[PDB]
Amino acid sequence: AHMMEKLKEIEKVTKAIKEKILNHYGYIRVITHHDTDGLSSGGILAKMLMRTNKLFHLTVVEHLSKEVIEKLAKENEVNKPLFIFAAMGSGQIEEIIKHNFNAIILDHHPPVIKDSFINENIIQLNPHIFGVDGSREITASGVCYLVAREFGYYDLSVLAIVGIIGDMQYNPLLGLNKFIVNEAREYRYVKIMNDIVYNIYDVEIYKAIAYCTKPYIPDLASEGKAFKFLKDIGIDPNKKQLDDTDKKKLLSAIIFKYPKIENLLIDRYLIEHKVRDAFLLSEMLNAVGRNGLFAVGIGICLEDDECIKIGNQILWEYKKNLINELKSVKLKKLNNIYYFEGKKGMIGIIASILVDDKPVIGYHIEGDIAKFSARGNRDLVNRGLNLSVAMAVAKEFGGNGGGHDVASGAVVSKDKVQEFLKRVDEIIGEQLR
């Protein structure tokens, strides 16, 4: 009944990954994803490969398609490199075995082949093979960290904590993520401190409130409205940190504009890193990743001063633009859901930010297809919400849909949108009564 026993089973695999890296002297290709979790894993792998005297070539892909894998296969012909896949690989393992890659797969997504040792050439470190839920108990950067600690590089756990936040696995903190955080505390690489979300930004509080999207508070979402609210309740809006009296006064007033004020409180992680707040670094890597600035994201993980300066500039441009995108949403209410039409890459992010009491579905039309992205919260699921079954009703409209209880998608022909949404609305009202 111990995390210790499960680690001993995982450590058989990480030992083999370690020996495999040390004894390789050819080229090394690292392939990672572009979100916070992937850029974190990239930085963990980068530091770890350098410390073990391994030069490497890092590439970032949004999706590991058949085309990308075949394009990669054309590098095996001349100098067959060792490939390390982070946050990807397990679902595409068939195509990786087909081309006979020399490969290490570090993936928390559900696996296709539940084996750690695939043949003589491919090692797969996936927590699902050990009975650990990769959607709640570990992230991709956690998986790389498990490898990194085989070399005793505990200082890299701070990048794992970043990925834990990036993937929204910090509340509640479960399984291996809890083990990682506690190890980082034991080795003095993180300090944990309950605090208000607005103090993570180290800027003027009225700007931290104005552009916050976790939670998004519409009535406070502008410098002017935020300044006014802070002046009225006796707080200097130019301060960059709220003390204990400030936070009481703030929370006391704000509960009228935004009643679920437990969302305003977090456990802050202060990390051994130039960007000392892990929540801020998580948001920075996200913004940088969304703007295509992958290499700058790696530099941030590597603590370079000018990448950090870029990242700080891109973060605030990104946060301002997101608030504007949010103010422009035409939110339509049905009986048990909200819905809106938005842009292709935003509807998922925006729907999640807009949830409060009811689920939110955003959709965009492309050609004659409408693609939907639906979001809830833990309070809704506990009242019997399940989005995967409600998005599955798309098959009745000549489409299909599924996902998780709290997040799901679906596709439908452009002209059945109104009738799909009315059907989804009724299913959800069923799931609540």
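From 1 onward, residues are counted along the sequence shown.
Taking the mean C-alpha B-factor of each stretch as recorded, 276 to 284 and 252 to 260 are not equal, and the higher mean is that of 252 to 260.
Higher mean CA B-factor, judged across 77 to 85 and 119 to 127 from the recorded values: 77 to 85.
Going by the entry's values, 370 shows the largest Cα B-factor out of 55, 45, 39, 370. Comparing the listed residues 324, 177, 336, 199, the entry records the largest Cα B-factor for 336. Residue 157: CA B factor lies in the lowest third for its chain, per the PDB record. In the deposited entry, the Cα temperature factor of residue 363 sits in the top third of values across the chain's modelled residues. The entry lists a Cα temperature factor for residue 141 that places it in the lowest third of the chain's modelled residues. Annotation for residue 31: C-alpha temperature factor in the middle third relative to the rest of the modelled chain, per the entry. Sort the modelled residues of the chain by CA B factor and residue 422 lands in the highest third.
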